[PDB]
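*Asks:* This one is target_30.cif, mmCIF, C-alpha atoms.
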```
data_work
loop_
_atom_site.group_PDB
_atom_site.id
_atom_site.type_symbol
_atom_site.label_atom_id
_atom_site.label_comp_id
_atom_site.auth_asym_id
_atom_site.auth_seq_id
_atom_site.Cartn_x
_atom_site.Cartn_y
_atom_site.Cartn_z
ATOM 1 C CA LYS A 1 100.500 88.988 127.864
ATOM 2 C CA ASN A 2 100.262 88.206 124.128
ATOM 3 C CA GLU A 3 101.278 90.914 121.628
ATOM 4 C CA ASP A 4 97.834 90.445 120.034
ATOM 5 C CA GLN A 5 96.426 92.757 122.734
ATOM 6 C CA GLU A 6 99.197 95.329 123.272
ATOM 7 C CA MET A 7 101.352 95.227 120.114
ATOM 8 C CA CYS A 8 102.744 98.601 121.253
ATOM 9 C CA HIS A 9 104.589 98.035 124.555
ATOM 10 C CA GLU A 10 107.451 100.569 124.471
ATOM 11 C CA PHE A 11 105.889 103.004 121.971
ATOM 12 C CA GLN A 12 102.732 103.151 124.111
ATOM 13 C CA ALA A 13 104.587 105.639 126.327
ATOM 14 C CA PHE A 14 104.959 107.693 123.127
ATOM 15 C CA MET A 15 101.168 108.158 122.945
ATOM 16 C CA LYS A 16 99.933 111.607 124.040
ATOM 17 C CA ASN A 17 96.204 111.065 124.687
ATOM 18 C CA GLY A 18 95.673 108.992 121.518
ATOM 19 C CA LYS A 19 98.527 110.790 119.712
ATOM 20 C CA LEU A 20 101.440 108.451 118.903
ATOM 21 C CA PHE A 21 104.513 110.571 118.065
ATOM 22 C CA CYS A 22 106.685 107.666 116.862
ATOM 23 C CA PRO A 23 109.001 110.069 114.986
ATOM 24 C CA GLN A 24 111.079 111.118 118.021
ATOM 25 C CA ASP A 25 114.711 109.954 118.277
ATOM 26 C CA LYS A 26 115.225 107.195 115.678
ATOM 27 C CA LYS A 27 118.978 107.825 116.119
ATOM 28 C CA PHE A 28 118.845 104.458 117.919
ATOM 29 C CA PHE A 29 118.989 103.028 114.374
ATOM 30 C CA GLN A 30 122.754 102.975 115.019
ATOM 31 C CA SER A 31 122.099 99.977 117.307
ATOM 32 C CA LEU A 32 120.174 96.684 117.019
ATOM 33 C CA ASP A 33 117.617 97.609 119.693
ATOM 34 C CA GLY A 34 117.136 100.907 117.852
ATOM 35 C CA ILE A 35 116.948 99.189 114.459
ATOM 36 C CA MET A 36 114.281 96.945 116.009
ATOM 37 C CA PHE A 37 112.162 99.504 117.887
ATOM 38 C CA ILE A 38 112.409 101.761 114.807
ATOM 39 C CA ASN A 39 111.033 98.814 112.808
ATOM 40 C CA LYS A 40 108.191 98.460 115.329
ATOM 41 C CA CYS A 41 107.792 102.259 115.429
ATOM 42 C CA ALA A 42 106.366 102.892 111.950
ATOM 43 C CA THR A 43 104.354 99.706 112.572
ATOM 44 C CA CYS A 44 103.191 100.430 116.139
ATOM 45 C CA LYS A 45 101.920 103.725 114.682
ATOM 46 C CA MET A 46 99.480 102.061 112.257
ATOM 47 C CA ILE A 47 98.297 99.952 115.214
ATOM 48 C CA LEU A 48 96.589 103.048 116.661
ATOM 49 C CA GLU A 49 95.145 104.138 113.295
ATOM 50 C CA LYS A 50 93.220 100.835 113.339
ATOM 51 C CA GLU A 51 91.240 101.953 116.412
ATOM 52 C CA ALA A 52 89.981 104.932 114.373
ATOM 53 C CA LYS A 53 88.196 102.521 112.001
ATOM 54 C CA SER A 54 86.260 100.880 114.861
ATOM 55 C CA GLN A 55 84.669 104.243 115.745
#
```
Take the structure in the file and write it out as structure tokens.
*Replies:*
Amino acid sequence: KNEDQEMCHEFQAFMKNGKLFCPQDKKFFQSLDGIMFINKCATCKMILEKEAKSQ
């Protein structure tokens, strides 16, 4: 429920077995939703890199 457990909600689908390919179609930048997701993209990506430090 809280974003403190699943910060990546839409980008999650962009994860291929632990591989987050955020760089896909940022063209959405031409819109607010795109400007937003794109802002959460580069960020949602580092969210996965954090799991690599736990193990």
*Asks:* Written as a list in words, what is the full residue list that the PyMOL selection byres ((chain A and resi 41) around 9) yields on the file shown?
*Replies:* residues 8, 11, 22, 23, 26, 36, 37, 38, 39, 40, 42, 43, 44, 45 and 46 of chain A
*Asks:* For atom CA of residue A:31 and atom CA of residue A:14, quote the distance in Å rounded to one decimal.
*Replies:*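 Separation of atom CA of residue A:31 and atom CA of residue A:14: 19.7 Å.
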*Asks:* For residue A:17, which residue out of A:48, A:54, A:5, A:34 is the nearest one, using all atoms listed in the file?
*Replies:*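 Closest residue, counting all atoms listed in the file: A:48.
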*Asks:* Mind pulling up the distance from atom CA of residue A:35 to atom CA of residue A:49?
*Replies:*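 If I compute the distance from atom CA of residue A:49 to atom CA of residue A:35, I get 22.4 Å.
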*Asks:* Go through A:33, A:53, A:47, A:24 and flag the residue nearest residue A:6, using all atoms listed in the file for the distances.
*Replies:* A:47
*Asks:* Please complete stretch 3-27 of chain A so it has N, CA and C atoms, and hand it over as a JSON list (two decimals), in the frame of the given file.
*Replies:*
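Now in out01.json:
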```
[["chain", "number", "residue", "atom", "x", "y", "z"],
["A", 3, "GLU", "N", 101.15, 89.63, 122.38],
["A", 3, "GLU", "CA", 101.28, 90.91, 121.63],
["A", 3, "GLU", "C", 100.01, 91.18, 120.81],
["A", 4, "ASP", "N", 99.09, 90.25, 120.81],
["A", 4, "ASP", "CA", 97.83, 90.44, 120.03],
["A", 4, "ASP", "C", 96.88, 91.37, 120.80],
["A", 5, "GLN", "N", 97.30, 91.85, 121.94],
["A", 5, "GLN", "CA", 96.43, 92.76, 122.73],
["A", 5, "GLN", "C", 97.14, 94.09, 122.97],
["A", 6, "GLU", "N", 98.44, 94.07, 123.05],
["A", 6, "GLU", "CA", 99.20, 95.33, 123.27],
["A", 6, "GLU", "C", 100.42, 95.37, 122.35],
["A", 7, "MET", "N", 100.21, 95.21, 121.07],
["A", 7, "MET", "CA", 101.35, 95.23, 120.11],
["A", 7, "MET", "C", 102.34, 96.34, 120.48],
["A", 8, "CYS", "N", 101.84, 97.48, 120.88],
["A", 8, "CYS", "CA", 102.74, 98.60, 121.25],
["A", 8, "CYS", "C", 103.05, 98.56, 122.75],
["A", 9, "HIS", "N", 104.23, 98.11, 123.11],
["A", 9, "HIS", "CA", 104.59, 98.04, 124.56],
["A", 9, "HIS", "C", 105.50, 99.21, 124.93],
["A", 10, "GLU", "N", 106.53, 99.44, 124.16],
["A", 10, "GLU", "CA", 107.45, 100.57, 124.47],
["A", 10, "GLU", "C", 106.95, 101.86, 123.83],
["A", 11, "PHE", "N", 106.40, 101.78, 122.65],
["A", 11, "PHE", "CA", 105.89, 103.00, 121.97],
["A", 11, "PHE", "C", 104.65, 103.53, 122.70],
["A", 12, "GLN", "N", 103.94, 102.68, 123.38],
["A", 12, "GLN", "CA", 102.73, 103.15, 124.11],
["A", 12, "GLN", "C", 103.08, 104.42, 124.88],
["A", 13, "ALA", "N", 104.19, 104.43, 125.56],
["A", 13, "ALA", "CA", 104.59, 105.64, 126.33],
["A", 13, "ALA", "C", 104.71, 106.83, 125.38],
["A", 14, "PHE", "N", 104.84, 106.57, 124.10],
["A", 14, "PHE", "CA", 104.96, 107.69, 123.13],
["A", 14, "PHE", "C", 103.57, 108.17, 122.68],
["A", 15, "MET", "N", 102.54, 107.74, 123.35],
["A", 15, "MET", "CA", 101.17, 108.16, 122.94],
["A", 15, "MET", "C", 100.68, 109.31, 123.83],
["A", 16, "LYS", "N", 100.42, 110.45, 123.24],
["A", 16, "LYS", "CA", 99.93, 111.61, 124.04],
["A", 16, "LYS", "C", 98.41, 111.72, 123.92],
["A", 17, "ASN", "N", 97.69, 111.01, 124.75],
["A", 17, "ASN", "CA", 96.20, 111.06, 124.69],
["A", 17, "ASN", "C", 95.70, 110.63, 123.31],
["A", 18, "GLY", "N", 96.13, 109.48, 122.85],
["A", 18, "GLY", "CA", 95.67, 108.99, 121.52],
["A", 18, "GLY", "C", 96.64, 109.45, 120.42],
["A", 19, "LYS", "N", 97.57, 110.31, 120.75],
["A", 19, "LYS", "CA", 98.53, 110.79, 119.71],
["A", 19, "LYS", "C", 99.85, 110.03, 119.82],
["A", 20, "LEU", "N", 100.16, 109.21, 118.85],
["A", 20, "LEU", "CA", 101.44, 108.45, 118.90],
["A", 20, "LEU", "C", 102.52, 109.19, 118.11],
["A", 21, "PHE", "N", 103.43, 109.84, 118.79],
["A", 21, "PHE", "CA", 104.51, 110.57, 118.06],
["A", 21, "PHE", "C", 105.72, 109.65, 117.87],
["A", 22, "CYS", "N", 105.56, 108.61, 117.10],
["A", 22, "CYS", "CA", 106.68, 107.67, 116.86],
["A", 22, "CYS", "C", 107.96, 108.41, 116.42],
["A", 23, "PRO", "N", 107.82, 109.32, 115.48],
["A", 23, "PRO", "CA", 109.00, 110.07, 114.99],
["A", 23, "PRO", "C", 109.60, 110.92, 116.10],
["A", 24, "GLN", "N", 110.45, 110.34, 116.91],
["A", 24, "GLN", "CA", 111.08, 111.12, 118.02],
["A", 24, "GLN", "C", 112.60, 111.08, 117.89],
["A", 25, "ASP", "N", 113.23, 110.05, 118.38],
["A", 25, "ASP", "CA", 114.71, 109.95, 118.28],
["A", 25, "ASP", "C", 115.11, 108.62, 117.63],
["A", 26, "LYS", "N", 114.87, 108.47, 116.36],
["A", 26, "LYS", "CA", 115.22, 107.20, 115.68],
["A", 26, "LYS", "C", 116.74, 106.99, 115.67],
["A", 27, "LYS", "N", 117.49, 107.97, 116.10],
["A", 27, "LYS", "CA", 118.98, 107.82, 116.12],
["A", 27, "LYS", "C", 119.36, 106.43, 116.61]]
```
